[PDB]
Every structure is written in C-alpha cells, then in structure tokens.
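Undergrad: Pasting a structure here, questions to come.
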Amino acid sequence: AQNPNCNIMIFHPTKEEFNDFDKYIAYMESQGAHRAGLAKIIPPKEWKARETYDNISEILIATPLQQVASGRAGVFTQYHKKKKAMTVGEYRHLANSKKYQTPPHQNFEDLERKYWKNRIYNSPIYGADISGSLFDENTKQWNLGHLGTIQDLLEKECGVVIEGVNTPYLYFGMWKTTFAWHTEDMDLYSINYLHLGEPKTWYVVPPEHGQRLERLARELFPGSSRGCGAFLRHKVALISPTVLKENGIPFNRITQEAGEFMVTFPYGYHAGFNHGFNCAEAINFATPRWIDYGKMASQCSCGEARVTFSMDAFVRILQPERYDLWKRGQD
Ligand SMILES: O=C(O)CNC(=O)C(=O)O
Ligand SMILES: [Mg+2]
Ligand code: NI
Ligand SMILES: [Zn+2]
C-alpha cells in the first residue's frame with residue numbers, strides 16, 4: 001500500500017503533466033496521496049493563473065463575516081457576525097491596520113504558536129464564499145472555473161442526468177481568519193489555489209481515521225452533539241493540534257504559500273487559518289472514486305448546515321432513503 005503513514009505529499013508536475021487534470025489526480029492517488037486527506041501541488045514554473053493582480057480592488061465583499069470565538073484557546077467554536085459590505089481594496093486596508101495586522105514573528109512555527117495562544121481573544125473579519133473566479137479565461141491548465149462538473153461526473157459514472165451547476169468561490173482572508181473542522185459537502189474533493197498574499201496553514205485527519213476525530217468532537221462539544229448527529233457540517237468547531245495530540249488523533253499539518261494548490265480528498269477532515277491578507281479560490285470536484293463516499297456521507301438534518309441548490313440532486317440520487325428527512329432540514 002502506498003503512503004501507509006498517511007503523510008501529506010507534495011507534487012511538482014511538469015508543464016506536460018499539467019495538461020490533463022483528471023489524469024494527474026489519478027496519478028497522485030496511485031502514489032497514495034489521498035491517504036493523507038490533503039496534498040500540495042506546486043505548478044510548473046512556466047504556468048500562471050493570470051498576468052497580474054493589480055486590478056482586483058473593486059471586487060465587492062457583500063457580507064464580510066466577523067468570526068467571534070467562544071470556549072478555551074484549544075477548544076472553541078466560532079460564530080459569524082454579518083458586517084456591512086466593503087470592497088477588496090477596503091478589506092485589504094482593514095487587514096493591514098494596527099488592530100488586525102499580522103504580529104511580529106520569527107517563522108511560521110512561531111506564528112502558529114501565537115495563533116493557538118491568542119486566536120480566541122480577537123474577532124478577525126473573513127470575506128468568504130464569494131461566487132467568482134480570478135483565473136484568466138486564457139489559462140488552459142488547472143483553471144478552477146473550467147473544470148469538469150460534478151453533475152457531469154455523476155452522469156458519466158451512473159447514467160443519471162441531474163440539474164445543478166458547480167462554480168468557484170473566492171475567499172479574502174486576514175490574520176487569524178479561521179476555517180473550522182469539516183469535510184466537504186457530500187464528502188467531495190476540493191481544490192484551493194492561493195492567488196496572492198500571505199500563507200494559509202492547514203491541518204488534516206487521514207480519511208481512514210475520520211471517525212476518531214468525530215468521536216473526539218462529540219466529547220468536546222457535547223451539547224452540539226446532542227443537537228445534531230452531524231454537527232461538524234455546521235463548520236463552527238475548532239480543536240488545536242495540542243488537543244489532538246493529547247487525545248491521540250492522527251493528523252498532519254502544512255503551510256500553503258501564494259502560487260500553490262491544495263487538494264482535499266473525500267472524507268479528509270481539515271481546518272486552518274490565514275497568516276495575513278490573502279485571496280484564495282476554491283471549488284468542489286468529483287472523480288469515480290468519490291461516488292462511494294458520496295453514498296455514505298453524513299448529513300445535517302437539524303437545519304443549521306443549509307447548503308446549495310446542487311446538493312439536492314446528490315442526496316436524491318445517492319441517498320434516496322435520507323432524501324425526505326434531509327430536505328425537511330433544508331425547508
Ligand atoms: O480557504 C478557506 O477558508 C477554506 N477552504 C476550504 O475548506 C477548501 O478549500 O476546502
Ligand atoms: Mg476590481
Ligand atoms: Ni474545505
Ligand atoms: Zn445540524
């Protein structure tokens with residue numbers, strides 16, 4: 001078995017190998033990359049997402065989210081308070097202000113220490129889940145706005161035509177902005193490209209060990225657990241690496257820098273934080289190997305997780321018994 005210790009793998013495709021997206025994902029899996037839950041892909045040196053970022057300041061962040069924490073430094077939840085709209089240029093100025101900017105630090109490890117020590121005492125503002133793309137339309141390779149769609153994959157594998165569309169989302173981050181422990185909707189893959197700015201640190205649990213994370217989460221968030229049988233779908237809970245280590249949960253960590261892709265694999269729990277002002281783009285995708293994960297994916301039916309139009313069809317076709325109760329949650 002390849003990559004039996006479930007380490008995060010880093011790949012360096014040539015421009016020739018960067019032509020066929022599906023093929024390269026299958027290659028990475030042939031080397032065991034999926035076992036980690038997360039992989040890094042460094043694009044060929046000749047490749048670019050677009051010519052410059054000089055003209056992005058007038059993108060609107062219609063609903064910036066202030067991420068307010070409750071709990072203890074290593075075990076907390078966050079809620080998102082909606083703020084007034086601002087442009088990317090306004091947000092970047094805010095991120096660089098004395099109140100919100102990255103503190104002085106020695107290296108990524110020192111900054112990681114400061115994050116876990118101090119995150120709960122601040123409420124950074126996140127521009128998340130903004131439909132759109134920063135890839136130039138002429139970028140032919142690994143353009144996240146030109147991927148094959150999950151509906152087309154399901155149709156190719158299973159023969160059923162379904163409604164729904166699949167488009168990318170932009171994320172504008174600042175120091176301490178946080179992504180809670182989650183897997184993707186319907187335990188899909190994701191791909192994330194860091195277009196610009198400061199790094200993003202990731203934590204991930206191997207798919208084969210995901211239930212160990214879930215059992216810890218039920219112990220650490222006991223009222224949330226009683227409220228919903230899949231409360232990590234709410235995307236609100238954080239657990240530090242120190243706490244994971246104290247409880248024997250297998251995980252790995254890596255820092256993504258501007259110009260790099262990350263791929264998350266089906267049922268790979270992940271969480272993380274941004275180091276400073278940055279912009280990422282991400283989208284879900286599927287392969288044939290995903291279908292079995294989609295069939296088995298947990299669902300939130302308490303009503304909190306409330307997700308896309310396109311997830312309907314996935315539940316209806318892959319999980320017809322759940323369909324009924326899940327849609328009661330979504331209506
Ligand atoms: O970058 C972020 O804030 C969150 N991204 C992801 O969870 C992803 O790409 O799967
Ligand atoms: Mg603009
Ligand atoms: Ni994700
Ligand atoms: Zn729920």
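How things are named: the first chain in the structure tokens is A, the next is B, and so on; residues count from 1 in each chain; ligands count from 1 in the order shown.
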Taking 3 positions as the minimum chain separation for residues in the same chain, which residues sit within 7 Å of residue 9 (chain A) when counting only C-alpha atoms? Answer as a PyMOL selection string.

TA: chain A and resi 33+39-40

Undergrad: Within 9 Å of ligand 3, which residues of chain A come that close, and what is the closest atom pair and distance in Å for each? Count only C-alpha atoms and all ligand atoms and give it as a tab-separated table.

TA:
```
residue	atom	partner	partner_atom_place_in_ligand_line	distance
A:179	CA	ligand 3	1 (Ni)	7.9
A:180	CA	ligand 3	1 (Ni)	8.8
A:181	CA	ligand 3	1 (Ni)	8.5
A:182	CA	ligand 3	1 (Ni)	6.5
A:183	CA	ligand 3	1 (Ni)	6.1
A:184	CA	ligand 3	1 (Ni)	5.4
A:185	CA	ligand 3	1 (Ni)	8.6
A:189	CA	ligand 3	1 (Ni)	8.4
A:190	CA	ligand 3	1 (Ni)	6.3
A:191	CA	ligand 3	1 (Ni)	8.4
A:192	CA	ligand 3	1 (Ni)	8.5
A:264	CA	ligand 3	1 (Ni)	7.1
A:268	CA	ligand 3	1 (Ni)	8.9
A:269	CA	ligand 3	1 (Ni)	8.0
A:270	CA	ligand 3	1 (Ni)	6.5
A:271	CA	ligand 3	1 (Ni)	7.7
A:282	CA	ligand 3	1 (Ni)	8.4
A:283	CA	ligand 3	1 (Ni)	8.9
A:284	CA	ligand 3	1 (Ni)	8.5
```

Undergrad: Write to file, as a short mmCIF file (atom, residue, chain, number, x, y, z; two decimals), in the first residue's frame, the residues of the selection just made, with N, CA, C and O atoms.

TA:
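See again-v2.cif below for the written result:
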```cif
data_model
loop_
_atom_site.label_atom_id
_atom_site.label_comp_id
_atom_site.auth_asym_id
_atom_site.auth_seq_id
_atom_site.Cartn_x
_atom_site.Cartn_y
_atom_site.Cartn_z
N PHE A 179 -10.83 28.62 9.31
CA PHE A 179 -11.76 27.62 8.74
C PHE A 179 -11.85 26.44 9.73
O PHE A 179 -10.85 25.84 10.12
N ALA A 180 -13.08 26.16 10.21
CA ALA A 180 -13.35 25.18 11.17
C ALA A 180 -13.20 23.77 10.60
O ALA A 180 -13.20 23.55 9.37
N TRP A 181 -13.11 22.78 11.51
CA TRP A 181 -13.01 21.37 11.15
C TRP A 181 -14.21 20.91 10.33
O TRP A 181 -15.34 21.00 10.79
N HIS A 182 -13.93 20.41 9.11
CA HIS A 182 -15.04 19.94 8.24
C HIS A 182 -14.51 18.98 7.19
O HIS A 182 -13.32 19.01 6.79
N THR A 183 -15.44 18.21 6.61
CA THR A 183 -15.24 17.65 5.30
C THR A 183 -16.11 18.44 4.29
O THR A 183 -16.97 19.22 4.68
N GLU A 184 -15.94 18.17 3.01
CA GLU A 184 -16.75 18.85 2.00
C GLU A 184 -18.18 18.36 2.00
O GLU A 184 -18.46 17.25 2.42
N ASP A 185 -19.05 19.22 1.39
CA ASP A 185 -20.43 18.75 1.15
C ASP A 185 -20.37 17.40 0.40
O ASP A 185 -19.59 17.24 -0.54
N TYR A 189 -14.26 16.04 -3.16
CA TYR A 189 -12.92 16.69 -3.14
C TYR A 189 -13.08 18.16 -3.08
O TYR A 189 -14.13 18.72 -3.51
N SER A 190 -12.03 18.88 -2.68
CA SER A 190 -11.92 20.32 -3.02
C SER A 190 -10.55 20.58 -3.59
O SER A 190 -9.60 19.84 -3.31
N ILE A 191 -10.43 21.65 -4.35
CA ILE A 191 -9.16 22.21 -4.77
C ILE A 191 -9.13 23.69 -4.46
O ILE A 191 -10.13 24.38 -4.71
N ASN A 192 -8.02 24.16 -3.93
CA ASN A 192 -7.87 25.51 -3.45
C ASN A 192 -6.59 26.08 -4.01
O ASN A 192 -5.47 25.48 -3.76
N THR A 264 -8.01 18.66 -1.23
CA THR A 264 -8.55 17.84 -0.15
C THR A 264 -9.30 16.67 -0.78
O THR A 264 -9.95 16.79 -1.83
N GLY A 268 -11.69 13.72 4.03
CA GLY A 268 -10.50 14.26 4.72
C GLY A 268 -10.86 15.51 5.50
O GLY A 268 -11.03 16.59 4.94
N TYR A 269 -11.06 15.33 6.80
CA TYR A 269 -11.35 16.49 7.71
C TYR A 269 -10.21 17.48 7.66
O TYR A 269 -9.04 17.07 7.81
N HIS A 270 -10.49 18.76 7.54
CA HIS A 270 -9.46 19.78 7.51
C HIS A 270 -9.95 21.04 8.23
O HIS A 270 -11.16 21.32 8.36
N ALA A 271 -8.96 21.85 8.67
CA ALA A 271 -9.17 23.13 9.43
C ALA A 271 -7.93 23.96 9.19
O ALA A 271 -6.89 23.40 8.71
N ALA A 282 -11.52 28.44 -4.52
CA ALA A 282 -11.71 27.01 -4.34
C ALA A 282 -13.02 26.52 -4.94
O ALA A 282 -13.96 27.31 -5.15
N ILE A 283 -13.06 25.21 -5.25
CA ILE A 283 -14.21 24.60 -5.87
C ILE A 283 -14.20 23.14 -5.48
O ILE A 283 -13.14 22.53 -5.31
N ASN A 284 -15.39 22.56 -5.35
CA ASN A 284 -15.51 21.12 -5.22
C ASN A 284 -15.42 20.40 -6.57
O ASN A 284 -15.86 20.95 -7.60
#
```

Undergrad: Counting only C-alpha atoms and all ligand atoms, name the residues that have an atom within 6 Å of an atom of ligand 4; the answer should be given as a ChimeraX atom specification.

TA: /A:228,230-231,300-305

Undergrad: Please give me, as a list in words, the residues lying within 9 Å of ligand 2 when counting only C-alpha atoms and all ligand atoms.

TA: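 Counting only C-alpha atoms and all ligand atoms, the residues within 9 Å of ligand 2 come out as residues 54, 55, 56, 57, 58, 59, 60, 87, 88 and 89 of chain A.
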
Undergrad: Taking N, CA and C atoms for each residue, export the selection above as a short mmCIF file (atom, residue, chain, number, x, y, z; two decimals), in the first residue's frame.

TA:
```
data_model
loop_
_atom_site.label_atom_id
_atom_site.label_comp_id
_atom_site.auth_asym_id
_atom_site.auth_seq_id
_atom_site.Cartn_x
_atom_site.Cartn_y
_atom_site.Cartn_z
N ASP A 54 -3.31 43.42 -10.22
CA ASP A 54 -3.29 44.87 -9.94
C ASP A 54 -4.61 45.49 -9.99
N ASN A 55 -5.61 44.80 -10.57
CA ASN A 55 -6.91 45.43 -10.76
C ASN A 55 -8.13 44.77 -10.02
N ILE A 56 -7.84 44.18 -8.84
CA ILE A 56 -8.86 43.42 -8.08
C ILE A 56 -9.56 44.18 -6.97
N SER A 57 -9.17 45.44 -6.72
CA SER A 57 -9.71 46.13 -5.56
C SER A 57 -11.13 46.49 -5.57
N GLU A 58 -11.75 46.50 -6.76
CA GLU A 58 -13.15 46.80 -6.79
C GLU A 58 -14.14 45.62 -6.72
N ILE A 59 -13.61 44.41 -6.57
CA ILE A 59 -14.46 43.28 -6.18
C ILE A 59 -15.16 43.60 -4.86
N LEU A 60 -16.43 43.28 -4.76
CA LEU A 60 -17.23 43.51 -3.56
C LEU A 60 -17.31 42.27 -2.70
N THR A 87 -15.39 46.81 -0.31
CA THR A 87 -14.60 46.37 -1.46
C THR A 87 -13.38 45.59 -0.97
N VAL A 88 -12.76 44.87 -1.90
CA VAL A 88 -11.47 44.21 -1.62
C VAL A 88 -10.43 45.25 -1.22
N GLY A 89 -10.46 46.41 -1.84
CA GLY A 89 -9.44 47.47 -1.50
C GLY A 89 -9.68 47.95 -0.06
#
```

Undergrad: Name the residues of region 67-211 of chain A that come out as helix (DSSP H, G or I) in a backbone DSSP run; write them as a ChimeraX atom specification.

TA: /A:88-95,108-121,150-158,185-187,207-211

Undergrad: How about saving the chosen residues, N, CA, C and O atoms kept, as a compact mmCIF listing (two decimals), in the first residue's frame?

TA:
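File produced: out33.txt:
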```txt
# COMPACT_ATOMS: atom_id res chain seq x y z
N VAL A 88 -12.76 44.87 -1.90
CA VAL A 88 -11.47 44.21 -1.62
C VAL A 88 -10.43 45.25 -1.22
O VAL A 88 -9.61 44.98 -0.29
N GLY A 89 -10.46 46.41 -1.84
CA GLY A 89 -9.44 47.47 -1.50
C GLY A 89 -9.68 47.95 -0.06
O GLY A 89 -8.66 48.11 0.71
N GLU A 90 -10.92 48.10 0.37
CA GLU A 90 -11.26 48.48 1.73
C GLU A 90 -10.85 47.38 2.72
O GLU A 90 -10.28 47.65 3.81
N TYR A 91 -11.18 46.15 2.35
CA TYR A 91 -10.80 45.00 3.19
C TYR A 91 -9.29 44.88 3.34
O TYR A 91 -8.80 44.56 4.50
N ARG A 92 -8.50 45.01 2.27
CA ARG A 92 -7.07 44.90 2.37
C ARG A 92 -6.50 46.00 3.36
O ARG A 92 -5.66 45.74 4.25
N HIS A 93 -7.05 47.20 3.25
CA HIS A 93 -6.63 48.26 4.19
C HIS A 93 -6.96 47.89 5.64
O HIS A 93 -6.14 48.13 6.58
N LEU A 94 -8.13 47.30 5.86
CA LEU A 94 -8.53 46.87 7.17
C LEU A 94 -7.58 45.80 7.71
O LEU A 94 -7.15 45.80 8.90
N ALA A 95 -7.29 44.80 6.84
CA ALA A 95 -6.40 43.69 7.21
C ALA A 95 -4.99 44.19 7.66
O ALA A 95 -4.38 43.60 8.55
N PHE A 108 7.14 30.51 10.57
CA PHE A 108 5.74 30.01 10.55
C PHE A 108 5.41 29.34 11.87
O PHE A 108 4.24 29.34 12.28
N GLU A 109 6.34 28.58 12.44
CA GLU A 109 6.07 27.90 13.71
C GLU A 109 5.78 28.84 14.86
O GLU A 109 4.85 28.60 15.69
N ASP A 110 6.49 29.97 14.94
CA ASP A 110 6.23 30.96 15.97
C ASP A 110 4.81 31.57 15.74
O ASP A 110 4.06 31.79 16.71
N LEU A 111 4.50 31.84 14.48
CA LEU A 111 3.19 32.42 14.19
C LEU A 111 2.07 31.41 14.55
O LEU A 111 1.02 31.84 15.05
N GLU A 112 2.28 30.12 14.25
CA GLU A 112 1.33 29.08 14.65
C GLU A 112 1.10 29.04 16.17
O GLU A 112 -0.02 28.94 16.67
N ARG A 113 2.20 29.15 16.94
CA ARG A 113 2.10 29.23 18.38
C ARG A 113 1.23 30.44 18.82
O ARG A 113 0.35 30.32 19.69
N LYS A 114 1.46 31.62 18.24
CA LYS A 114 0.75 32.80 18.57
C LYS A 114 -0.74 32.65 18.19
O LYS A 114 -1.63 33.06 18.95
N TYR A 115 -0.98 32.01 17.04
CA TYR A 115 -2.39 31.78 16.64
C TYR A 115 -3.14 30.96 17.70
O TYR A 115 -4.20 31.40 18.12
N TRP A 116 -2.64 29.80 18.10
CA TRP A 116 -3.34 28.95 19.04
C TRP A 116 -3.42 29.56 20.43
O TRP A 116 -4.38 29.33 21.18
N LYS A 117 -2.41 30.34 20.79
CA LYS A 117 -2.46 31.03 22.09
C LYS A 117 -3.48 32.12 22.15
O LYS A 117 -4.18 32.29 23.21
N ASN A 118 -3.62 32.90 21.10
CA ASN A 118 -4.31 34.15 21.14
C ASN A 118 -5.56 34.28 20.27
O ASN A 118 -6.25 35.30 20.36
N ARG A 119 -5.85 33.29 19.40
CA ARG A 119 -6.99 33.49 18.46
C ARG A 119 -8.31 33.89 19.13
O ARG A 119 -9.05 34.70 18.61
N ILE A 120 -8.60 33.19 20.23
CA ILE A 120 -9.93 33.39 20.82
C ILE A 120 -10.16 34.85 21.32
O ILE A 120 -11.34 35.26 21.44
N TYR A 121 -9.09 35.61 21.54
CA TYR A 121 -9.23 36.93 22.10
C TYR A 121 -9.45 38.01 21.07
O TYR A 121 -9.47 39.22 21.39
N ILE A 150 -19.36 18.25 -11.37
CA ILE A 150 -19.74 17.08 -10.57
C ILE A 150 -21.00 16.44 -11.13
O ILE A 150 -21.16 15.25 -11.10
N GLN A 151 -21.88 17.26 -11.71
CA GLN A 151 -23.11 16.68 -12.34
C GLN A 151 -22.75 15.82 -13.57
O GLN A 151 -23.29 14.77 -13.78
N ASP A 152 -21.78 16.28 -14.34
CA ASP A 152 -21.33 15.52 -15.47
C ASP A 152 -20.60 14.21 -15.04
O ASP A 152 -20.69 13.16 -15.71
N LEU A 153 -19.82 14.29 -13.95
CA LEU A 153 -19.19 13.10 -13.41
C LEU A 153 -20.26 12.07 -12.99
O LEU A 153 -20.13 10.92 -13.38
N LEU A 154 -21.23 12.51 -12.22
CA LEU A 154 -22.31 11.58 -11.81
C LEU A 154 -23.01 11.00 -13.00
O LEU A 154 -23.30 9.77 -13.08
N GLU A 155 -23.25 11.80 -14.05
CA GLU A 155 -23.89 11.30 -15.24
C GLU A 155 -23.00 10.27 -15.98
O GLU A 155 -23.46 9.16 -16.42
N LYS A 156 -21.70 10.53 -16.15
CA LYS A 156 -20.78 9.61 -16.74
C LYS A 156 -20.68 8.30 -15.96
O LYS A 156 -20.60 7.26 -16.59
N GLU A 157 -20.66 8.36 -14.64
CA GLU A 157 -20.44 7.14 -13.85
C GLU A 157 -21.73 6.36 -13.67
O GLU A 157 -21.68 5.10 -13.69
N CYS A 158 -22.83 7.04 -13.52
CA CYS A 158 -24.08 6.39 -13.03
C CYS A 158 -25.22 6.42 -14.08
O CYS A 158 -26.29 5.82 -13.83
N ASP A 185 -19.05 19.22 1.39
CA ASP A 185 -20.43 18.75 1.15
C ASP A 185 -20.37 17.40 0.40
O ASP A 185 -19.59 17.24 -0.54
N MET A 186 -21.17 16.45 0.88
CA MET A 186 -21.26 15.16 0.24
C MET A 186 -19.90 14.42 0.15
O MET A 186 -19.69 13.50 -0.66
N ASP A 187 -19.01 14.81 1.08
CA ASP A 187 -17.62 14.29 1.15
C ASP A 187 -16.91 14.34 -0.22
O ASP A 187 -16.09 13.49 -0.56
N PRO A 207 -8.52 10.26 5.89
CA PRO A 207 -9.85 9.71 5.77
C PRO A 207 -10.13 8.44 6.54
O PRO A 207 -11.22 8.28 7.16
N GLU A 208 -9.16 7.54 6.58
CA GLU A 208 -9.35 6.28 7.26
C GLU A 208 -9.52 6.46 8.77
O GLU A 208 -10.00 5.54 9.44
N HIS A 209 -9.17 7.64 9.29
CA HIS A 209 -9.31 7.96 10.71
C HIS A 209 -10.30 9.03 11.10
O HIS A 209 -10.39 9.52 12.23
N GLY A 210 -11.11 9.43 10.10
CA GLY A 210 -12.07 10.49 10.35
C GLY A 210 -13.03 10.28 11.50
O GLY A 210 -13.38 11.21 12.22
N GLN A 211 -13.45 9.03 11.70
CA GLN A 211 -14.35 8.78 12.82
C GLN A 211 -13.73 8.99 14.18
O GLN A 211 -14.45 9.28 15.17
```

Undergrad: At what distance in Å, to one decimal, does CA of residue 10 (chain A) lie from CA of residue 247 (chain A)?

TA: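 Here the two named atoms are 27.3 Å from each other.
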
Undergrad: May I have the residues within 8 Å of residue 172 (chain A) as an MDAnalysis selection string, using only C-alpha atoms and disregarding those fewer than 6 positions away in the same chain?

TA: chainID A and resid 88 126:128 277:280

Undergrad: Restricted to N, CA, C and O atoms, what would the selected residues look like written as a PDB file, in the first residue's frame?

TA:
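Output contents, as saved in out_9.pdb:
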```pdb
ATOM      1  N   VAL A  88     -12.755  44.873  -1.898  1.00  0.00           N
ATOM      2  CA  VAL A  88     -11.474  44.211  -1.618  1.00  0.00           C
ATOM      3  C   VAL A  88     -10.430  45.252  -1.222  1.00  0.00           C
ATOM      4  O   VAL A  88      -9.606  44.979  -0.286  1.00  0.00           O
ATOM      5  N   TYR A 126     -13.622  37.923   7.788  1.00  0.00           N
ATOM      6  CA  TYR A 126     -13.376  36.968   6.650  1.00  0.00           C
ATOM      7  C   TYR A 126     -14.330  37.324   5.474  1.00  0.00           C
ATOM      8  O   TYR A 126     -15.518  37.484   5.690  1.00  0.00           O
ATOM      9  N   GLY A 127     -13.806  37.513   4.253  1.00  0.00           N
ATOM     10  CA  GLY A 127     -14.635  37.576   3.060  1.00  0.00           C
ATOM     11  C   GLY A 127     -14.714  36.218   2.449  1.00  0.00           C
ATOM     12  O   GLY A 127     -13.954  35.929   1.517  1.00  0.00           O
ATOM     13  N   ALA A 128     -15.703  35.464   2.815  1.00  0.00           N
ATOM     14  CA  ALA A 128     -15.910  34.080   2.344  1.00  0.00           C
ATOM     15  C   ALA A 128     -16.986  33.777   1.413  1.00  0.00           C
ATOM     16  O   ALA A 128     -18.053  34.403   1.366  1.00  0.00           O
ATOM     17  N   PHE A 277      -3.269  39.183   5.106  1.00  0.00           N
ATOM     18  CA  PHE A 277      -4.137  39.426   3.948  1.00  0.00           C
ATOM     19  C   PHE A 277      -3.827  38.460   2.833  1.00  0.00           C
ATOM     20  O   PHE A 277      -2.677  38.281   2.409  1.00  0.00           O
ATOM     21  N   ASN A 278      -4.863  37.762   2.332  1.00  0.00           N
ATOM     22  CA  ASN A 278      -4.668  36.864   1.159  1.00  0.00           C
ATOM     23  C   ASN A 278      -5.981  36.689   0.389  1.00  0.00           C
ATOM     24  O   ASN A 278      -7.048  37.158   0.828  1.00  0.00           O
ATOM     25  N   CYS A 279      -5.896  36.023  -0.787  1.00  0.00           N
ATOM     26  CA  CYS A 279      -7.037  35.710  -1.615  1.00  0.00           C
ATOM     27  C   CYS A 279      -6.824  34.297  -2.139  1.00  0.00           C
ATOM     28  O   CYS A 279      -5.815  33.996  -2.756  1.00  0.00           O
ATOM     29  N   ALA A 280      -7.803  33.422  -1.849  1.00  0.00           N
ATOM     30  CA  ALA A 280      -7.842  32.061  -2.357  1.00  0.00           C
ATOM     31  C   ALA A 280      -9.068  31.818  -3.173  1.00  0.00           C
ATOM     32  O   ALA A 280     -10.117  32.503  -3.018  1.00  0.00           O
TER      33      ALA A 280
END
```

Undergrad: Quick one: pull the distance between CA of residue 136 (chain A) and CA of residue 200 (chain A), Å, one decimal.

TA: 22.7 Å

Undergrad: Would you pick out the contacts of residue 244 (chain A) at 12 Å or less, using only C-alpha atoms, so that residues sharing its chain but fewer than 3 positions from it are not included, and give the list as a list in words?

TA: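 So the residues in contact are residues 74, 75, 181, 203, 204, 205, 212, 213, 214, 215, 216, 217, 220, 238, 239, 240, 241, 247, 248, 249, 250, 251, 252 and 253 of chain A.
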
Undergrad: Taking only C-alpha atoms and all ligand atoms into account, name the residue in A:298, A:287, A:177, A:2 that is nearest to ligand 1.

TA: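 Ranked by minimum distance to ligand 1, first place goes to A:177.
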
Undergrad: Report as an mmCIF file with N, CA, C and O atoms, in the first residue's frame all protein, DNA and RNA residues lying within 10 Å of residue 292 (chain A), evaluated on only C-alpha atoms, omitting residues in the same chain fewer than 5 positions from it.

TA:
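That gives us part17.cif:
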```
data_model
loop_
_atom_site.group_PDB
_atom_site.id
_atom_site.type_symbol
_atom_site.label_atom_id
_atom_site.label_comp_id
_atom_site.auth_asym_id
_atom_site.auth_seq_id
_atom_site.Cartn_x
_atom_site.Cartn_y
_atom_site.Cartn_z
ATOM 1 N N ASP A 187 -19.010 14.810 1.085
ATOM 2 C CA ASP A 187 -17.616 14.289 1.147
ATOM 3 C C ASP A 187 -16.910 14.340 -0.224
ATOM 4 O O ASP A 187 -16.087 13.489 -0.557
ATOM 5 N N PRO A 266 -11.846 12.984 -0.518
ATOM 6 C CA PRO A 266 -13.115 12.632 0.139
ATOM 7 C C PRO A 266 -12.964 12.206 1.580
ATOM 8 O O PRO A 266 -12.152 11.328 1.887
ATOM 9 N N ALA A 297 -21.920 9.642 2.847
ATOM 10 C CA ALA A 297 -21.678 10.910 3.547
ATOM 11 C C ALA A 297 -22.770 11.163 4.609
ATOM 12 O O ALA A 297 -23.987 11.041 4.337
ATOM 13 N N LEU A 318 -27.970 9.685 -4.715
ATOM 14 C CA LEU A 318 -27.082 8.808 -3.984
ATOM 15 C C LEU A 318 -27.625 8.325 -2.643
ATOM 16 O O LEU A 318 -27.181 7.229 -2.193
#
```

Undergrad: Rank nothing, just name the residue among A:97, A:290, A:67, A:329 nearest to residue 273 (chain A), using only C-alpha atoms.

TA: A:67

Undergrad: Identify, with DSSP run on backbone atoms, the residues in region 124-195 of chain A assigned to strand (DSSP E or B), and express the list as number ranges by chain.

TA: A: 125-131, 169-173, 178-182, 189-195

Undergrad: Could the residues in this selection be written to a file with C-alpha atoms, as a PDB file, in the first residue's frame?

TA:
```pdb
ATOM      1  CA  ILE A 125     -13.161  39.599   9.505  1.00  0.00           C
ATOM      2  CA  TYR A 126     -13.376  36.968   6.650  1.00  0.00           C
ATOM      3  CA  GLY A 127     -14.635  37.576   3.060  1.00  0.00           C
ATOM      4  CA  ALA A 128     -15.910  34.080   2.344  1.00  0.00           C
ATOM      5  CA  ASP A 129     -17.809  32.127  -0.142  1.00  0.00           C
ATOM      6  CA  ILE A 130     -17.914  34.835  -2.809  1.00  0.00           C
ATOM      7  CA  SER A 131     -19.042  33.364  -6.156  1.00  0.00           C
ATOM      8  CA  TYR A 169     -15.682  30.670  -4.783  1.00  0.00           C
ATOM      9  CA  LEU A 170     -13.274  33.409  -3.648  1.00  0.00           C
ATOM     10  CA  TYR A 171     -12.021  33.801  -0.079  1.00  0.00           C
ATOM     11  CA  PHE A 172     -10.357  37.040   1.158  1.00  0.00           C
ATOM     12  CA  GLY A 173      -8.564  36.440   4.464  1.00  0.00           C
ATOM     13  CA  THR A 178     -10.225  30.612  10.535  1.00  0.00           C
ATOM     14  CA  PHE A 179     -11.761  27.615   8.742  1.00  0.00           C
ATOM     15  CA  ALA A 180     -13.348  25.181  11.166  1.00  0.00           C
ATOM     16  CA  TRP A 181     -13.012  21.370  11.152  1.00  0.00           C
ATOM     17  CA  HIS A 182     -15.041  19.942   8.240  1.00  0.00           C
ATOM     18  CA  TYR A 189     -12.923  16.689  -3.143  1.00  0.00           C
ATOM     19  CA  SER A 190     -11.917  20.317  -3.019  1.00  0.00           C
ATOM     20  CA  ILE A 191      -9.160  22.215  -4.775  1.00  0.00           C
ATOM     21  CA  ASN A 192      -7.870  25.513  -3.447  1.00  0.00           C
ATOM     22  CA  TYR A 193      -5.486  27.902  -5.187  1.00  0.00           C
ATOM     23  CA  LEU A 194      -3.829  30.670  -3.106  1.00  0.00           C
ATOM     24  CA  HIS A 195      -3.808  33.529  -5.657  1.00  0.00           C
TER      25      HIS A 195
END
```
